[PDB]
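First, one chain by itself in structure tokens, the form deposited in one PDB entry.
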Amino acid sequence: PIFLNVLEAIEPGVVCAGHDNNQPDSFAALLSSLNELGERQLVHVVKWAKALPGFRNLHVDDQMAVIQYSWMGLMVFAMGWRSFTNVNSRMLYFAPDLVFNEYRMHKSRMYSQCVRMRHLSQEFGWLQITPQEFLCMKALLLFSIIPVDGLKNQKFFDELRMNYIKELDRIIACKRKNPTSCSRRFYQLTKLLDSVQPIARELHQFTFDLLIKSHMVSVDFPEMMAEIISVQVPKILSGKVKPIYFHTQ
């Protein structure tokens, strides 16, 4: 279990949003805080990603690019896990200082997106996902969205991604005998992983739209979130970068 040792070792800790819970739950303040949270989580994603097995093998610009495309899905997925483990998915556990109850979901003007995240969160319970399955799935999300005309070194990305797939299939297989079980489970998890993309994409639209009208609406975007949402997000919205699904939509 060397591969799991590593995933378990490099797993980031609690990251706080910095939200002043004394302030009244407004849109402006809810969204600026989610944005600061994003920026803070980004630092930890960079650090986690570079320590993943095989990751520095990728061309250096490709390293930056896969992080910059996939962050939304990584963070959304980890947030659902957190939500599942700390609050049985009843609310959205963005951070220990930024838990969204129903009121906050309405106030953030994202209610239907949060509903979709809460569903994603509950799949962890419905499927009885293990911490091992979770870590390997999250690692595979790093490798699940790319430009349609390839990366700088695509051949290396393809072998790497294949190895992560092999690893998740292992994590399922150290466990079971009579083999419809292992087939159903791999099916279940590839389906779950696919389900992160449409949600990620809603949040891409929303944050983009938000950044456009941000000065009109008193929502702050920190430097890195501003740059990524203006330079890389639109490549996704314009279909120059697309998720890699397991099953056709």
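The first residue of the sequence shown is number 1, and the count goes up from there. Only the largest set of C-alpha atoms that superpose within 1.5 Å between the two forms is called the rigid core.
K.L.:
Hey, after superposing on the core, which one moves around more in 7 other deposited structures of this protein, 78 to 86 or 165 to 173, CA-wise?
P.N.:
It is 165 to 173 that deviates more in 7 other deposited structures of this protein.
K.L.:
Could you tell me which of the two stretches, 192 to 200 or 213 to 221, has its Cα atoms lying farther from the shown structure in 7 other deposited structures of this protein after fitting on the rigid core?
P.N.:
Per-stretch check in 7 other deposited structures of this protein: the more divergent one is 213 to 221.
K.L.:
Compare the mean C-alpha B-factor of 42 to 50 with that of 57 to 65 as given in the PDB entry, and name the stretch with the higher value.
P.N.:
It is 57 to 65 that shows the higher mean C-alpha B-factor.
K.L.:
In the PDB record, does 209 to 217 or 195 to 203 carry the higher mean Cα temperature factor?
P.N.:
It is 209 to 217 that shows the higher mean C-alpha B-factor.
K.L.:
Using only the C-alpha B-factors in the record, can you name which of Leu74, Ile146, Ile172, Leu140 has the highest?
P.N.:
That would be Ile172.
K.L.:
Can you tell me whether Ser32 has a C-alpha B-factor in the lowest, middle or highest third compared with the other modelled residues of the same chain?
P.N.:
For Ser32, the deposited C-alpha B-factor lands in the middle third.
K.L.:
Quick check on the deposited entry: does the C-alpha B-factor of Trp126 sit in the lowest, middle or highest third of its chain?
P.N.:
Highest third, going by the recorded CA B-factors of the chain.
K.L.:
Could you place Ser181 in the lowest, middle or highest third of its chain by Cα temperature factor, using the values in the record?
P.N.:
It belongs to the highest third of the chain when residues are ordered by C-alpha B-factor.
K.L.:
Where does the C-alpha B-factor of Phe84 rank in its chain, lowest, middle or highest third?
P.N.:
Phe84: CA B-factor falls in the highest third of its chain.
K.L.:
Where does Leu120 sit by CA temperature factor within its chain: lowest, middle or highest third?
P.N.:
Answer is middle: the recorded C-alpha B-factor places it there.
Note that the form deposited with a partner chain bound isn't included here; everything after this is about it.
K.L.:
Hey, in the bound PDB entry, is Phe221 touching the partner chain, heavy atoms inside 4.5 Å?
P.N.:
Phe221 lies outside the contact set for the partner chain.
K.L.:
Taking the shortest heavy atom distance, is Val43 within 4.5 Å of the partner chain in the bound PDB entry?
P.N.:
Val43: contacts the partner chain in the bound PDB entry.
K.L.:
Decide whether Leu30 counts as a contact residue for the partner chain in the bound PDB entry under a heavy atom distance cut-off of 4.5 Å.
P.N.:
The answer is no: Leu30 has no heavy atom within 4.5 Å of the partner chain.
K.L.:
Should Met216 be counted as a contact of the partner chain in the bound PDB entry, where contact means heavy atoms within 4.5 Å?
P.N.:
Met216: no, not in contact with the partner chain in the bound PDB entry.
K.L.:
Can you say which of 22 to 30, 62 to 70, 206 to 214, 191 to 199 gets within 4.5 Å of the partner chain in the bound PDB entry, counting heavy atoms only?
P.N.:
Of the stretches listed, the one contacting the partner is 62 to 70.
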